[PDB]
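Okay, structure first, notes after.
Laboratory data are not the source of any read-out in this text; all were calculated from the coordinates shown. FYI the Cβ positions are ideal-geometry reconstructions off the backbone, even for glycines, and counts take in every protein chain you see.
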Amino acid sequence: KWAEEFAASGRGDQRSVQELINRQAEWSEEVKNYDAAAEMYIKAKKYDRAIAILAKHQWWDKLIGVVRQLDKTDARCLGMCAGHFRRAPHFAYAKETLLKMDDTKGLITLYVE
């Protein structure tokens, strides 16, 4: 509570946004709360750690949630969740993370997928 109170505004002065956010995130990791860990990692700008949570713990819904949270700007989630939605049955997410740029020529390979 008080950690996010600092990490948002502070109580009258700002103190350690990311330290307290990641304390919450790695403590949700500590108590095995990994959907909330990924939710607090996308809060921690650890959308790679969040995306690894949501891939490795089959949470394909929040996997593509972090793909659409870590957007085409930091486009790592797009590509390695074209990969992570190869292992998931979600062909739509692989073809769309390819299609999010265009790559209809590259779709050759991602509609035979």
All-but-one check, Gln58 against (1) part of a helix (DSSP H, G or I); (2) within 23 Å of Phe91 (Cα to Cα); (3) not β-branched (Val, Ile, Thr), failing number (1)
Here the residues within region 55-75 that are buried (at least 21 other Cβ atoms within 10 Å of the Cβ) and of a type in the set (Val, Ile, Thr) are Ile64, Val66, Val67
Among (1) touching an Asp or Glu at 6+ places or on another chain (Cβ under 7 Å); (2) in contact (Cβ under 8 Å) with a residue 12 or more places away in the chain; (3) assigned to a loop (DSSP other than H, G, I, E, B); (4) not hydrophobic (A, V, I, L, M, F, W, C), the one test that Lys45 misses | (1)
For region 39-51, indicate whether the set of residues that are farther than 29 Å from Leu20 by Cβ, out of contact with any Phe, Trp or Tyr (no Cβ under 8 Å at 6 or more places or on another chain) and among the small types (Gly, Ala, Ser) is non-empty.
-> no
Residues of region 7-34 being surrounded by 15 or more Cβ atoms within 10 Å (Cβ to Cβ) and among the small types (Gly, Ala, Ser), in sequence order, are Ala7, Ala25, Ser28
Just one of (1) within 30 Å of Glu113 (Cα to Cα); (2) among the charged types (D, E, K, R); (3) not in a helix (DSSP H, G or I) trips up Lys32, so point out which.
-> (1)
Is there any pair linking a residue in region 56-80 that is among the polar types (S, T, N, Q) to one that is part of a helix (DSSP H, G or I) and exposed (fewer than 15 other Cβ atoms within 10 Å of the Cβ), with Cβ under 8 Å and at least six apart or on different chains, and which?
-> none
In region 64-90, residues that are over 22 Å from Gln18 (Cα atoms), in a helix (DSSP H, G or I) and not charged (D, E, K, R) total 9
When you look at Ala52, is it crowded, with 18+ Cβ neighbours inside 10 Å, free of Cβ contacts under 8 Å to residues at least 12 places away in the same chain and hydrophobic (A, V, I, L, M, F, W, C), yes or no?
-> yes
Would you mention how many residues in region 1-29 are assigned to a helix (DSSP H, G or I), touching an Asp or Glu at 6+ places or on another chain (Cβ under 9 Å) and over 26 Å from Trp60 (Cα atoms)?
-> 4
Filtering region 80-105 for residues that are of a type in the set (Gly, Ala, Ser) and loosely packed, with under 14 Cβ neighbours inside 10 Å leaves a count of 2
